[PDB]
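Here you get one chain, nothing else, as structure tokens; it is the form deposited in one PDB entry.
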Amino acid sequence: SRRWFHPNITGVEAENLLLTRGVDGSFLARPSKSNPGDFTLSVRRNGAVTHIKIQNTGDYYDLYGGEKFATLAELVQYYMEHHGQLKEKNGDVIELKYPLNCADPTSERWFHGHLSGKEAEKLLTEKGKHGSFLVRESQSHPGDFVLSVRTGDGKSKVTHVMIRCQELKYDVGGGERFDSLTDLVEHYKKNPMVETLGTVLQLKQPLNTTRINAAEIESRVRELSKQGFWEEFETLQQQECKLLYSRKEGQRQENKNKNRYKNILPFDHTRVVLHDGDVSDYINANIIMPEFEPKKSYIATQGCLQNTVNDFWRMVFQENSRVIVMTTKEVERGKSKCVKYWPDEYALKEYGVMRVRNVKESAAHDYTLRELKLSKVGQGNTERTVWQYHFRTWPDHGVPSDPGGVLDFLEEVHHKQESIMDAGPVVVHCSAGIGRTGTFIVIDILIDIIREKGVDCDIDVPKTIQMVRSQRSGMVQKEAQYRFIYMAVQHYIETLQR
């Protein structure tokens, strides 16, 4: 439902498109062909198109020479409405007014392309349930399309609705003619077709094409590497307009300086709220609570700023967290991604009301473990041990070339968490708390399913990531992190089968 994203036009085609069926204020987004992994926002201005470059780093999105953002959709939403203002060479505003929509269905979850009617029915027979649907290119073979829906031994059935494609518009056989399959699908999702005898063709969810058996990940990763990692990742990105929840508190003027990046904010419905303060209730952090159709939870947060060290420790104590995961080096590559928030070994420091004492550091190859004792000043007895696992060897660009460093790291983290009864959520941070942080948390979630349920269980990487992204914006930034997640689960899986 991210309709203004054109998954493969050329920037030249994007110009003529904006100049012919757009007006001043029209815009679209497309992936950059010249800068793989980055994006171009094309905008019509004074009857001319300008192209704004957006870099997707492993930590955020970077409007070149401007602000950083968690997702494309949050970036567009910012300028279309909430605050924003995007300015010219001098100081004249470039206004984003009118999304120019794309008709390409190839990235949509429900779209399957070349597919027979008997293979679709088998797919819906097998993995589907009530309301599961898919859209394939026409059997009876014209150049039309077929909507296959599963409704309802004979209690269930698959119904095939044909979709006419006539002079660049789509329909079933009566009613409205739509500019794209996506508009058609969204329309008849909201207004279900009814059969002559009353059967309601509800469209409740596209047929799941991404869930696999965990024991079978080696073959799926093979298929994905030959359908493929990039297409699967783009299909997930195409779902980000469903995740534009409000971030008002982080947007309050009093909280602006508590964000390392002003537009990378915690969702209100999941943010960590600091109690018993002096505002003083705000930290850029979200509970991540995995849910699927007794568990381990996480706090995803940014790296401390100088003025937020004390609230970070307020958070750790309040939430009874006993394990921190730091995914960024102590000295990175010149610019601070996190202010040091822990004492040196055998030292101790007060942080506001909070006292912490570094009891011991164990140096491993890929990480340092710091044993810290946190307590409220004046009230030793509120004291508890917090174990800081500082991951040291994550590369500065890209992901690690082997995930064995991360897996051993997370194994230690998991056993420590398990050793403390009723420990609160594991704290995880990186620079903005979404990219690297998102990668570590998703990996640990999937590995946890396999630890409980064993190797004969169902895992679904895109849906797990979408579930995480509804609790903090832009979790898991790039395709290389996405592949890393599959790779990490694979090597974990071929260690239990051993």
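Throughout, we count residues from 1 along the sequence that is shown.
The next section is about a form of this same protein that is not shown, the form deposited with a small molecule bound.
Inset, instruction - Please name which of the stretches 166 to 174, 356 to 364, 227 to 235, 182 to 190 has residues with heavy atoms lying within 4.5 Å of the small molecule in the deposited complex. - result: In the other structure, the partner sits against 227 to 235.
Inset, instruction - May I ask you to choose, among 125, 106, 368, 213, the residue with a heavy atom within 4.5 Å of the small molecule in the deposited complex? - result: When the small molecule is considered in the deposited complex, the option within 4.5 Å is 106.
Inset, instruction - State the residue from 414, 271, 112, 296 whose non-hydrogen atoms include one within 4.5 Å of the small molecule in the deposited complex. - result: Here the answer is residue option 112.
Inset, instruction - Evaluate residue 460 for contact with the small molecule in the deposited complex, applying a 4.5 angstroms cut-off between non-hydrogen atoms, and reply yes or no. - result: Output for residue 460 is yes: heavy atoms within 4.5 Å of the small molecule.
Legend entry - is_contact(residue 388, the small molecule) in the deposited complex, heavy atom dist at most 4.5 Å: Contact with the small molecule, no.
Legend entry - Heavy atom of residue 132 within 4.5 Å of the small molecule in the deposited complex: Contact with the small molecule, no.
Inset, instruction - Decide whether residue 208 counts as a contact residue for the small molecule in the deposited complex under a heavy atom distance cut-off of 4.5 Å. - result: Contact with the small molecule, yes.
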